[PDB]
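Colleague: Before I ask anything, let me first share the structure, which is written out below as structure tokens.
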Amino acid sequence: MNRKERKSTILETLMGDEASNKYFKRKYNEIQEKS
Amino acid sequence: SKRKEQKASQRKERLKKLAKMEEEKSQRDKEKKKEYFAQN
Amino acid sequence: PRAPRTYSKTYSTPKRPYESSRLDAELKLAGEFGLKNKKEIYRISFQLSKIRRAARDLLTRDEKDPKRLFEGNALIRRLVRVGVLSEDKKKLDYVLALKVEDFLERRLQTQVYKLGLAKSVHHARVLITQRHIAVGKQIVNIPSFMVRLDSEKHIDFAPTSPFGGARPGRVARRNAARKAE
Amino acid sequence: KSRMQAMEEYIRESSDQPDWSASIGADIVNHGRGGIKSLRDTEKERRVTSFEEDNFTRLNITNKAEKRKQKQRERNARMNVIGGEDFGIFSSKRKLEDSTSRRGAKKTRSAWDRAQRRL
Amino acid sequence: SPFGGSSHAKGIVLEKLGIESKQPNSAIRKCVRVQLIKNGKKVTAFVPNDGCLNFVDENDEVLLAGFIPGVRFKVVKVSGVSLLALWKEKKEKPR
Amino acid sequence: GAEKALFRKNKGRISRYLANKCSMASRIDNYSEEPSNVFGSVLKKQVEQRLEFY
Amino acid sequence: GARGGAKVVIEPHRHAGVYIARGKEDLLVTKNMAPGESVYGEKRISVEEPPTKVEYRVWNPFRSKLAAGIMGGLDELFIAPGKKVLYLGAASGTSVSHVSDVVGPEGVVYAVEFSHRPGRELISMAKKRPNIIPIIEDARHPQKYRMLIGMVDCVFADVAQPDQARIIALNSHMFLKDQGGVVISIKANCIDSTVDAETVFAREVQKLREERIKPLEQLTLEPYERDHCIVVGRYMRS
Amino acid sequence: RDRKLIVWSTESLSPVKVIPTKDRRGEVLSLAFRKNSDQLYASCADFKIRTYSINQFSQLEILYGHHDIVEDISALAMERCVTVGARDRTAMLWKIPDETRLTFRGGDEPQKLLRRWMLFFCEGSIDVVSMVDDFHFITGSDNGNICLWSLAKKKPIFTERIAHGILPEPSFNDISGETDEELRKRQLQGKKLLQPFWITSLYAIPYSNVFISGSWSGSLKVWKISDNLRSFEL
Amino acid sequence: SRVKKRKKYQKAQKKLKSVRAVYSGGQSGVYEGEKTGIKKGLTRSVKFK
Amino acid sequence: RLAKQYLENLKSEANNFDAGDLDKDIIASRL
Amino acid sequence: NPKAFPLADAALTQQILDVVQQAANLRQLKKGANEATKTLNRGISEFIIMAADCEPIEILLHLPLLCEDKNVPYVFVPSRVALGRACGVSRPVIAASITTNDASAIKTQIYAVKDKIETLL
Amino acid sequence: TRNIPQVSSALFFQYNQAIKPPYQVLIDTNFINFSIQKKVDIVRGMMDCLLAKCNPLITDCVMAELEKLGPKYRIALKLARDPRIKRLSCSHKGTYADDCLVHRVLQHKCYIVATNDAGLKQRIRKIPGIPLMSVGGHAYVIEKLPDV
RNA sequence: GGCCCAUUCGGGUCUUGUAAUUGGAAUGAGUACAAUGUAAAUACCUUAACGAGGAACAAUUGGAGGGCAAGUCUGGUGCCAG
């Protein structure tokens with residue numbers, strides 16, 4: 001992976017991934033509707 | 001929590017099938033102990 | 001009238017059709033070789049049983065007997081022409097070591113799948129039943145055709161078939177005609 | 001009657017004379033529905049053609065004589081030939097030894113007959 | 001043998017003894033009294049269901065086959081037509 | 001050597017062509033107890049013929 | 001998957017000297033005896049420790065049959081810290097280096113090889129690991145190199161030969177301790193391709209037993225390899 | 001290799017017809033005219049023989065039976081044309097009207113040849129064929145073997161091993177790059193690397209007792225067959 | 001019958017990779033680790049007593 | 001040996017001229 | 001002693017050159033030195049075939065190192081020139097690789113030849 | 001550490017796709033006696049039953065239970081020691097055979113078990129892919145071998 | 001999320017599901033121009049054109065489980081049970 005993508009801690013690398021963020025924003029909205 | 005619920009769902013289905021098999025092995029077992037002691 | 005005729009069955013129902021090991025045995029044999037039914041498995045088991053029974057009877061006879069030698073060598077010569085037994089197993093004990101899977105491997109549909117002419121065993125069966133496969137020069141639509149070695153190499157696509165050099169099928173020419181129109 | 005099929009193939013391998021093999025596709029009876037034509041039945045048909053060529057006319061098969069010359073000849077196939085070579089002669093039982101045996105009157109019967117043979 | 005050597009026996013439908021039963025598809029509602037023709041002995045027979053009970057009527061030919069314990073006979077066949085064919089809307093009873 | 005351009009459309013063809021021959025020279029050098037330059041000298045010469053044509 | 005920036009958590013395995021790296025994927029890894037380099041191009045972890053930069057190597061189970069056994073879940077692995085190990089059939093440092101990592105500096109690895117060509121790289125690997133003793137000699141004749149091997153606690157034999165059981169026995173009698181470890185890798189095709197795998201493994205466990213090895217375990221190495229297993233046994237001289 | 005059989009007028013080399021083989025692998029490898037006839041027989045790489053009537057410019061029939069490519073083809077006055085199947089190491093003679101074939105195999109092995117002697121190379125392929133006679137034909141193998149055949153016998157009646165000799169041994173300066181002289185010599189492996197010349201050509205004058213073989217040894221060898229047709233000499 | 005049994009066999013193939021591991025050509029490309037995770041305290045081991 | 005005895009047995013089971021050959025000659029002369 | 005070792009005898013080469021030929025027909029054959037290396041790198045090579053008269057030999061002695069690391073058989077034929085036609089290809093081949101396929105039409109004689117190659121080794 | 005034994009790779013569910021001719025058959029103590037009783041002596045009695053060559057194996061235990069039997073069962077001992085009968089040596093303390101016989105088929109799915117003791121039969125019936133052969137009537141019978 | 005095993009509690013395992021959309025090919029039954037065939041004719045063989053997405057060009061048989069009402073009946077220790 002590229003130097004810019006690299007992060008000191010795991011979570012920031014998960015922050016750069018746009019697909020994980022899009023995937024999850026859908027799920028959090030869906031669960032809150034049920035709650 | 002959806003997966004733990006799935007186990008309980010297939011749990012109930014199996015034990016009904018399970019309680020069917022033991023019933024057959026109970027009735028057929030009584031039959032054998034009638035044919036066996038028929039000789040005796 | 002005139003004399004009647006001798007005909008017999010090519011198969012026999014198993015001793016017990018209902019043991020689970022048997023059932024899943026036909027399951028995987030069918031699935032891997034893509035058969036229609038268990039009738040073919042009973043067929044093939046029938047001749048494999050006949051062949052092994054003859055081989056066992058020939059084993060029981062002492063070495064160098066006219067019977068054992070003549071008929072055992074004839075079993076093995078024919079079993080090697082069918083391609084089931086390789087040239088290096090020219091012995092009758094290795095006839096007794098045979099299994100149904102080898103015969104099934106000799107079935108033409110296996111070869112049509114296997115050489116690369118078809119991409120699924122069911123596709124191979126469809127191609128055979130659809131007049132696309134020629135063993136040498138002659139068209140066969142029976143998947144149960146067993147193949148010899150010299151016949152094994154001569155499996156090709158038909159001259160009359162659209163994929164083998166003939167004109168496109170009805171669907172292709174129909175589509176081209178409507179496209180032109 | 002004396003001929004036993006399994007014996008003559010040994011002559012074929014030991015003859016050292018070629019065998020006149022036919023084409024791969026020319027042997028199948030009917031699109032594969034009938035298996036590869038056995039060696040014997042190829043010997044019978046050529047008799048028809050070698051018979052048919054000279055007579056100048058074909059031979060039709062009578063409706064009666066029909067009813068005992070194709071089915072069993074193509075059902076012995078379905079019982080016994082799997083790929084144009086017969087699996088049937090073995091389930092059958094025959095005394096081939098008589099065919100092998102020098103049963104003729106010219107047979108070793110006394111010590112002097114065999115000694116003359118050894119000469 | 002229940003039929004004295006035969007696999008099936010015809011009879012005469014006398015009266016449907018379970019018509020007055022309240023409970024639908026009760027075991028009783030499928031019971032019918034039948035006169036065996038070969039000897040005239042009255043017997044009781046099973047009809048597959050209350051829907052099939054509609055098809056059977058009094059003074060029709062009925063064939064009986066081996067099967068409310070004790071009712072050993074079932075009605076398989078009536079008046080030129082088999083019940084299951086009628087029950088599947090595959091046929092009409094001839095009259 | 002594509003990060004420091006050690007071997008460096010027509011230019012790329014020469015770079016690969018030299019890469020193929022460099023692989024061979026390593027094989028000769030590595031699996032020879034006393035490697036010589038006789039094969040290296042010629043194996044450079046075809047590269048020179050290769051260069052001239054392009 | 002395991003890409004350069006991706007960060008992992010190293011935590012110990014059940015077996016001493018074996019470690020697990022967590023993340024989006026889980027990796028079997030062993031600490032590097034020679035930090036800063038890879039032996040067969042394998043993947044590496046570097047951890048900052050008070051700060052010293054300790055280094056850990058990725059163990060590819062497909063390449064290493066022993067690692068596939070760990071993935072298979074071996075109950076007992078005699079290869080452990082402070083233990084002498086005799087590695088038979090050491091083609092190169094692909095697996096021996098990892099075994100060298102597990103034993104540690106206190107331990108040593110007696111790597112035995114026959115073919116000269118793989119031996120040269122194995123010797124080059126052997127220098128970088130002071131604990132590895134390369135023996136480029138035929139394992140069928142342990143008397144040839146009895147001169148070079150001291151008394152050993154465990155024997156690992158990955159020789160792909162038909163006469164492996166004889167090789168294992170002779171080395172076990174000469175070198176292996178009483179109650180010592182025996183761990184073998186068996187391929188069916190080389191020993192006997194005519195018959196199925198299962199009968200072969202039954203035959204091999206039989207041969208070990210006349211040789212006074214008590215076999216403890218067996219593991220087929222699927223999904224990583226067809227027709228393998230690892231059998232673990234104890235040498236019962238008495 | 002264009003999968004076409006085209007005909008020209010002899011006078012002007014003007015093309016009059018093209019006959020496609022109608023096969024992707026039907027690369028024609030040899031052509032033989034029936035002597036004193038318009039019949040043409042074509043051997044094509046798709047394991048088949050194509051027979052044409054050139055006066056009609058039409059295809060007649062196809063022959064099937066060969067285990068590998070049909071490299072060569074030779075015919076005489078009658079229609080009994082002979083073939084060789086390359087890696088098949090088998091020679092096949094054809095009756096076009098009857099459609100049957102006679103199949104001929106070599107079946108020699110260096111193991112037995114050496115023991116009877118007490119460099120013999122196993123045949124890898126038959127390369128050429130020419131019909132000496134309507135009842136006799138000769139073949140050339142890739143091991144340098146010239147074999148005489150008869151319709152009576154499957155096996156060769158007489159064979160001439162390494163007819164064209166052995167190829168020159170590779171130079172020691174090229175086998176390896178090692179500096180020392182002796183190291184490169186070991187790479188030669190004595191005489192184990194040496195291989196025989198291939199029989200690229202083999203032609204027999206029809207109905208005669210002599211035939212000619214060809215290779216790149218640098219010379220055409222003329223052979224004479226015995227009066228009894230049981231052997232031949234150089 | 002042929003289409004039904006094809007779905008039955010492939011389904012049974014889906015069924016066995018659940019109960020036990022099967023080879024799928026081995027490693028394909030770079031080794032990307034154990035996808036399903038590693039269980040430290042679990043052994044799948046068939047023990048000789 | 002056993003093969004030869006069968007051939008000798010077969011030969012036992014099985015001025016010189018052939019009736020068919022004479023017919024064939026007339027057929028050939030007509031040809 | 002020789003670098004080209006083991007070298008198949010006259011007979012064994014013929015069966016090897018046979019299995020090579022049907023493989024070319026069945027698309028199971030990767031030929032040339034670098035393709036052999038690639039088939040080796042991915043571990044799809046059941047065994048490789050190389051030529052003993054390569055000029056020079058040293059340009060294919062990498063492959064024995066690769067195979068013996070991983071336990072793949074290898075064997076030498078006297079002629080790179082002969083190994084060409086068996087591949088079905090218009091130029092000489094010094095090294096070729098038959099790949100692993102349990103789904104191939106020609107498996108039986110491959111394992112027969114693959115049986116012999118280890119015995120030679 | 002928890003241990004969950006792997007299901008053998010020789011099993012597609014409860015079919016054993018490894019046992020093929022020639023077979024390996026283990027002999028139980030009762031089997032030799034019943035074979036003598038029905039006069040179905042050992043090697044061919046299989047050959048008729050299975051139509052394949054098998055390799056009879058007698059364990060150190062089974063050779064031992066045959067030999068606890070005593071002078072009344074001498075015939076079983078000489079038949080048990082036939083050279084065609086190979087021997088499967090044992091490395092467990094107990095001489096108890098029924099646990100001995102079953103435990104091998106637990107490891108390796110490559111054997112048939114020969115037995116008439118009802119004590120030992122159902123143990124083999126739960127475990128998948130272990131064909132079970134017995135002597136009944138006038139000849140041997142094989143229950144869980146579909147290849148027959 | 002799929003599934004396996006487990007009287008019991010639970011345990012084991014990973015690319016699975018569609019009761020979603022979509023694309024181009026092949027051909028058989030049928031619709032049939034012919035020749036051949038034959039005392040004539042039927043038939044057989046061969047052979048022009050047309051012929052598939054619900055490919056409705058719409059095979060069956062038997063068995064095992066469900067679930068639904070402002071529905072009906074019966075018995076009881078609310079809201080249950082049959």
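Residue numbering restarts at 1 for every chain of the structure tokens, chains are lettered A, B, ... in their displayed order, and ligands are numbered from 1 as they appear.
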When you look at segment 16-28 of chain B with a cut-off of 12 Å (counting only C-alpha atoms (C1' of nucleotides)), what residues show up, excluding the ones that are within fewer than 6 positions of it in the same chain? I need them as a ChimeraX atom specification.

Modeller: /B:9-10,34-35 /M:6-8,64-65

Colleague: Store the residues picked out above, limited to N, CA, C and O atoms (P, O5', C5', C4', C3', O3' and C1' of nucleotides), as a PDB file, in the first residue's frame.

Modeller:
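The resulting file, result.pdb, is reproduced below:
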```pdb
ATOM      1  N   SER B   9     -33.710 -21.831  16.769  1.00  0.00           N
ATOM      2  CA  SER B   9     -34.756 -22.166  15.809  1.00  0.00           C
ATOM      3  C   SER B   9     -34.574 -23.582  15.275  1.00  0.00           C
ATOM      4  O   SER B   9     -35.527 -24.367  15.234  1.00  0.00           O
ATOM      5  N   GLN B  10     -33.351 -23.926  14.860  1.00  0.00           N
ATOM      6  CA  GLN B  10     -33.078 -25.284  14.404  1.00  0.00           C
ATOM      7  C   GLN B  10     -32.982 -26.263  15.566  1.00  0.00           C
ATOM      8  O   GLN B  10     -33.154 -27.470  15.361  1.00  0.00           O
ATOM      9  N   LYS B  34     -41.508 -58.735  23.390  1.00  0.00           N
ATOM     10  CA  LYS B  34     -42.652 -59.636  23.312  1.00  0.00           C
ATOM     11  C   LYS B  34     -42.341 -60.873  22.480  1.00  0.00           C
ATOM     12  O   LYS B  34     -42.729 -61.984  22.857  1.00  0.00           O
ATOM     13  N   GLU B  35     -41.646 -60.704  21.352  1.00  0.00           N
ATOM     14  CA  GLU B  35     -41.258 -61.860  20.552  1.00  0.00           C
ATOM     15  C   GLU B  35     -40.201 -62.703  21.256  1.00  0.00           C
ATOM     16  O   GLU B  35     -40.225 -63.934  21.150  1.00  0.00           O
TER      17      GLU B  35
ATOM     18  P     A M   6     -25.921 -36.773  15.647  1.00  0.00           P
ATOM     19  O5'   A M   6     -25.879 -36.174  17.125  1.00  0.00           O
ATOM     20  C5'   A M   6     -24.857 -36.552  18.039  1.00  0.00           C
ATOM     21  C4'   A M   6     -24.825 -35.655  19.253  1.00  0.00           C
ATOM     22  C3'   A M   6     -26.131 -35.510  20.021  1.00  0.00           C
ATOM     23  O3'   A M   6     -26.373 -36.592  20.904  1.00  0.00           O
ATOM     24  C1'   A M   6     -25.183 -33.373  19.669  1.00  0.00           C
ATOM     25  P     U M   7     -27.572 -37.622  20.612  1.00  0.00           P
ATOM     26  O5'   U M   7     -28.773 -37.086  21.513  1.00  0.00           O
ATOM     27  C5'   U M   7     -30.109 -37.486  21.249  1.00  0.00           C
ATOM     28  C4'   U M   7     -31.057 -37.053  22.341  1.00  0.00           C
ATOM     29  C3'   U M   7     -30.694 -35.776  23.090  1.00  0.00           C
ATOM     30  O3'   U M   7     -31.115 -34.608  22.402  1.00  0.00           O
ATOM     31  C1'   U M   7     -31.348 -37.473  24.626  1.00  0.00           C
ATOM     32  P     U M   8     -30.166 -33.314  22.307  1.00  0.00           P
ATOM     33  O5'   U M   8     -29.950 -32.862  23.821  1.00  0.00           O
ATOM     34  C5'   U M   8     -30.921 -32.087  24.513  1.00  0.00           C
ATOM     35  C4'   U M   8     -30.607 -32.021  25.988  1.00  0.00           C
ATOM     36  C3'   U M   8     -29.258 -31.407  26.346  1.00  0.00           C
ATOM     37  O3'   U M   8     -29.298 -29.996  26.492  1.00  0.00           O
ATOM     38  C1'   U M   8     -29.492 -33.494  27.436  1.00  0.00           C
ATOM     39  P     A M  64     -47.191 -39.392   5.255  1.00  0.00           P
ATOM     40  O5'   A M  64     -46.005 -38.375   5.562  1.00  0.00           O
ATOM     41  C5'   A M  64     -44.759 -38.834   6.067  1.00  0.00           C
ATOM     42  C4'   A M  64     -43.868 -37.679   6.445  1.00  0.00           C
ATOM     43  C3'   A M  64     -44.552 -36.553   7.200  1.00  0.00           C
ATOM     44  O3'   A M  64     -44.665 -36.829   8.584  1.00  0.00           O
ATOM     45  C1'   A M  64     -43.225 -35.654   5.454  1.00  0.00           C
ATOM     46  P     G M  65     -45.591 -35.911   9.520  1.00  0.00           P
ATOM     47  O5'   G M  65     -44.751 -34.569   9.672  1.00  0.00           O
ATOM     48  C5'   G M  65     -45.383 -33.355  10.042  1.00  0.00           C
ATOM     49  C4'   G M  65     -44.549 -32.160   9.658  1.00  0.00           C
ATOM     50  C3'   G M  65     -45.237 -30.811   9.788  1.00  0.00           C
ATOM     51  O3'   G M  65     -45.218 -30.319  11.116  1.00  0.00           O
ATOM     52  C1'   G M  65     -44.145 -30.949   7.692  1.00  0.00           C
TER      53        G M  65
END
```

Colleague: For a quick test of understanding: name the residues of chain C lying within 8 Å of chain K when counting only C-alpha atoms, and present them as a ChimeraX atom specification.

Modeller: /C:111,114-116

Colleague: Quick one: pull the distance between atom CA of residue 140 of chain H and atom CA of residue 13 of chain D, Å, one decimal.

Modeller: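 Going from atom CA of residue 140 of chain H over to atom CA of residue 13 of chain D, I get 25.1 Å.
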
Colleague: In Å, rounded to a single decimal, give me how far atom CA of residue 31 of chain L is from atom CA of residue 69 of chain L.

Modeller: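 Separating atom CA of residue 69 of chain L from atom CA of residue 31 of chain L is a distance of 13.1 Å.
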
Colleague: For chain G, which residues have at least one atom within 8 Å of chain K, if we go by only C-alpha atoms? Write them as a ChimeraX atom specification, please.

Modeller: /G:91-92,117-118,160

Colleague: Just the residues within 10 Å of residue 27 of chain G, please, counting only C-alpha atoms (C1' of nucleotides), with nothing from its chain fewer than 6 positions along; format it as a PDB file with N, CA and C atoms, in the first residue's frame.

Modeller:
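Printed below is part_23.pdb as written:
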```pdb
ATOM      1  N   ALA G   2      -2.669  -8.708   3.931  1.00  0.00           N
ATOM      2  CA  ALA G   2      -1.582  -8.250   4.797  1.00  0.00           C
ATOM      3  C   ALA G   2      -0.700  -7.286   4.008  1.00  0.00           C
ATOM      4  N   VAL G   8      -0.793  -5.152  13.101  1.00  0.00           N
ATOM      5  CA  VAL G   8      -1.240  -6.426  13.648  1.00  0.00           C
ATOM      6  C   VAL G   8      -0.846  -6.514  15.114  1.00  0.00           C
ATOM      7  N   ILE G  10       0.527  -9.110  17.958  1.00  0.00           N
ATOM      8  CA  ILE G  10       1.239 -10.369  18.145  1.00  0.00           C
ATOM      9  C   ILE G  10       0.923 -10.892  19.540  1.00  0.00           C
ATOM     10  N   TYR G  19       3.791 -18.091  17.581  1.00  0.00           N
ATOM     11  CA  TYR G  19       3.087 -16.848  17.846  1.00  0.00           C
ATOM     12  C   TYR G  19       2.024 -16.626  16.777  1.00  0.00           C
ATOM     13  N   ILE G  20       0.990 -15.864  17.137  1.00  0.00           N
ATOM     14  CA  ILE G  20      -0.118 -15.544  16.242  1.00  0.00           C
ATOM     15  C   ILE G  20      -0.186 -14.033  16.080  1.00  0.00           C
ATOM     16  N   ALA G  21      -0.326 -13.580  14.834  1.00  0.00           N
ATOM     17  CA  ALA G  21      -0.508 -12.167  14.515  1.00  0.00           C
ATOM     18  C   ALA G  21      -1.954 -11.958  14.077  1.00  0.00           C
ATOM     19  N   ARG G  57       8.936 -13.436  11.661  1.00  0.00           N
ATOM     20  CA  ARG G  57       8.805 -13.968  10.308  1.00  0.00           C
ATOM     21  C   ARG G  57       7.481 -14.700  10.142  1.00  0.00           C
ATOM     22  N   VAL G  58       6.873 -14.546   8.965  1.00  0.00           N
ATOM     23  CA  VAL G  58       5.625 -15.234   8.661  1.00  0.00           C
ATOM     24  C   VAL G  58       5.917 -16.665   8.237  1.00  0.00           C
ATOM     25  N   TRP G  59       5.147 -17.601   8.786  1.00  0.00           N
ATOM     26  CA  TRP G  59       5.277 -19.019   8.484  1.00  0.00           C
ATOM     27  C   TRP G  59       4.147 -19.411   7.541  1.00  0.00           C
ATOM     28  N   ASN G  60       4.491 -19.723   6.294  1.00  0.00           N
ATOM     29  CA  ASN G  60       3.486 -20.059   5.296  1.00  0.00           C
ATOM     30  C   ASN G  60       3.132 -21.536   5.421  1.00  0.00           C
ATOM     31  N   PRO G  61       1.917 -21.891   5.858  1.00  0.00           N
ATOM     32  CA  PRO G  61       1.611 -23.321   6.047  1.00  0.00           C
ATOM     33  C   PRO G  61       1.676 -24.135   4.767  1.00  0.00           C
ATOM     34  N   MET G  71      -1.547 -25.473  11.932  1.00  0.00           N
ATOM     35  CA  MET G  71      -2.876 -25.099  11.470  1.00  0.00           C
ATOM     36  C   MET G  71      -3.845 -26.263  11.630  1.00  0.00           C
TER      37      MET G  71
ATOM     38  N   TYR I  31       0.273 -15.342  -0.168  1.00  0.00           N
ATOM     39  CA  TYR I  31      -0.363 -15.884   1.026  1.00  0.00           C
ATOM     40  C   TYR I  31      -0.953 -14.747   1.853  1.00  0.00           C
ATOM     41  N   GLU I  32      -2.277 -14.744   1.995  1.00  0.00           N
ATOM     42  CA  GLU I  32      -2.998 -13.670   2.666  1.00  0.00           C
ATOM     43  C   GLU I  32      -3.436 -14.040   4.079  1.00  0.00           C
ATOM     44  N   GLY I  33      -2.901 -15.121   4.646  1.00  0.00           N
ATOM     45  CA  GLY I  33      -3.196 -15.476   6.020  1.00  0.00           C
ATOM     46  C   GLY I  33      -4.388 -16.402   6.155  1.00  0.00           C
ATOM     47  N   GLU I  34      -4.666 -16.763   7.407  1.00  0.00           N
ATOM     48  CA  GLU I  34      -5.818 -17.597   7.734  1.00  0.00           C
ATOM     49  C   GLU I  34      -7.049 -16.701   7.800  1.00  0.00           C
ATOM     50  N   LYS I  35      -7.932 -16.831   6.808  1.00  0.00           N
ATOM     51  CA  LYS I  35      -9.046 -15.898   6.676  1.00  0.00           C
ATOM     52  C   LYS I  35     -10.035 -16.033   7.827  1.00  0.00           C
ATOM     53  N   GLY I  37      -9.497 -17.048  10.878  1.00  0.00           N
ATOM     54  CA  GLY I  37      -8.920 -16.861  12.191  1.00  0.00           C
ATOM     55  C   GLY I  37      -8.260 -18.125  12.720  1.00  0.00           C
ATOM     56  N   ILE I  38      -7.449 -17.940  13.760  1.00  0.00           N
ATOM     57  CA  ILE I  38      -6.671 -19.007  14.383  1.00  0.00           C
ATOM     58  C   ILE I  38      -7.148 -19.180  15.818  1.00  0.00           C
TER      59      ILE I  38
END
```

Colleague: Pick out the residues sitting within 8 Å of residue 43 of chain H, and hand them over as a VMD selection string; count only C-alpha atoms (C1' of nucleotides), and ignore anything fewer than 6 positions along from it in its own chain.

Modeller: chain H and resid 28 to 31 49 to 50 70 to 73

Colleague: Those residues with C-alpha atoms, as an mmCIF file, in the first residue's frame please?

Modeller:
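Final output, saved to again_36.cif:
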```
data_model
loop_
_atom_site.group_PDB
_atom_site.id
_atom_site.type_symbol
_atom_site.label_atom_id
_atom_site.label_comp_id
_atom_site.auth_asym_id
_atom_site.auth_seq_id
_atom_site.Cartn_x
_atom_site.Cartn_y
_atom_site.Cartn_z
ATOM 1 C CA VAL H 28 -2.084 -30.799 -45.869
ATOM 2 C CA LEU H 29 1.280 -32.510 -45.344
ATOM 3 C CA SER H 30 1.744 -34.708 -48.427
ATOM 4 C CA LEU H 31 0.220 -35.294 -51.856
ATOM 5 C CA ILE H 49 -6.453 -38.514 -45.663
ATOM 6 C CA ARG H 50 -8.333 -36.560 -48.340
ATOM 7 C CA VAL H 70 -0.201 -38.036 -41.535
ATOM 8 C CA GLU H 71 3.092 -36.565 -42.712
ATOM 9 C CA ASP H 72 3.713 -38.529 -45.921
ATOM 10 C CA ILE H 73 1.792 -40.368 -48.635
#
```

Colleague: Check every residue of chain I for an atom within 10 Å of chain K, counting only C-alpha atoms, and provide those that qualify as a ChimeraX atom specification.

Modeller: /I:25-30

Colleague: Pick the closest to chain C from H:46, H:142, H:2, H:11: which is it, counting only C-alpha atoms?

Modeller: H:46

Colleague: Residues of chain L near chain C: apply a cut-off of 10 Å, count only C-alpha atoms, and supply the list as a list in words.

Modeller: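 Residues of chain L within 10 Å of chain C, counting only C-alpha atoms: residues 12, 13, 14, 15, 16, 17, 20, 21, 22, 23, 44, 47, 48, 50, 51, 52, 53, 128, 129, 131, 143, 144, 145, 146, 147 and 148 of chain L.
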
Colleague: Could you please select, counting only C-alpha atoms, the residues of chain C within 7 Å of chain D and state them as a PDB file with C-alpha atoms, in the first residue's frame?

Modeller:
```
ATOM      1  CA  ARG C   5     -35.589 -66.113 -28.877  1.00  0.00           C
ATOM      2  CA  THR C   6     -33.151 -65.594 -26.009  1.00  0.00           C
ATOM      3  CA  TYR C   7     -32.864 -62.086 -24.593  1.00  0.00           C
ATOM      4  CA  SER C   8     -31.817 -60.973 -21.122  1.00  0.00           C
ATOM      5  CA  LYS C   9     -31.467 -57.938 -18.893  1.00  0.00           C
ATOM      6  CA  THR C  10     -28.382 -55.710 -18.869  1.00  0.00           C
ATOM      7  CA  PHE C  70      -6.838 -69.026 -22.475  1.00  0.00           C
ATOM      8  CA  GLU C  71      -9.851 -67.348 -20.893  1.00  0.00           C
ATOM      9  CA  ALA C  74      -8.812 -63.133 -23.184  1.00  0.00           C
ATOM     10  CA  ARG C  78     -10.303 -57.217 -24.127  1.00  0.00           C
ATOM     11  CA  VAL C  82     -11.478 -51.087 -23.806  1.00  0.00           C
ATOM     12  CA  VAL C 135     -15.856 -40.556 -33.078  1.00  0.00           C
ATOM     13  CA  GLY C 136     -13.735 -40.534 -36.199  1.00  0.00           C
ATOM     14  CA  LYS C 137     -16.281 -39.966 -38.962  1.00  0.00           C
ATOM     15  CA  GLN C 138     -19.475 -41.291 -37.391  1.00  0.00           C
ATOM     16  CA  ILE C 139     -21.997 -39.383 -35.286  1.00  0.00           C
ATOM     17  CA  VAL C 140     -22.959 -40.745 -31.852  1.00  0.00           C
ATOM     18  CA  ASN C 141     -25.727 -39.403 -29.601  1.00  0.00           C
ATOM     19  CA  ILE C 142     -25.440 -42.049 -26.844  1.00  0.00           C
ATOM     20  CA  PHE C 145     -20.934 -45.207 -25.677  1.00  0.00           C
ATOM     21  CA  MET C 146     -17.671 -46.504 -24.208  1.00  0.00           C
ATOM     22  CA  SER C 151     -11.334 -44.258 -30.679  1.00  0.00           C
TER      23      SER C 151
END
```

Colleague: Near segment 3-16 of chain J, counting only C-alpha atoms (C1' of nucleotides), which residues have an atom at most 8 Å away, once you skip same-chain residues fewer than 4 positions from it, shown as a ChimeraX atom specification?

Modeller: /D:2,7,11,99-104

Colleague: Give me the residues near residue 57 of chain E as number ranges by chain, where near means some atom within 10 Å (using only C-alpha atoms (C1' of nucleotides)) and where sequence neighbours in that chain fewer than 4 positions away do not count.

Modeller: E: 12-16, 32, 53, 61-62, 78-79
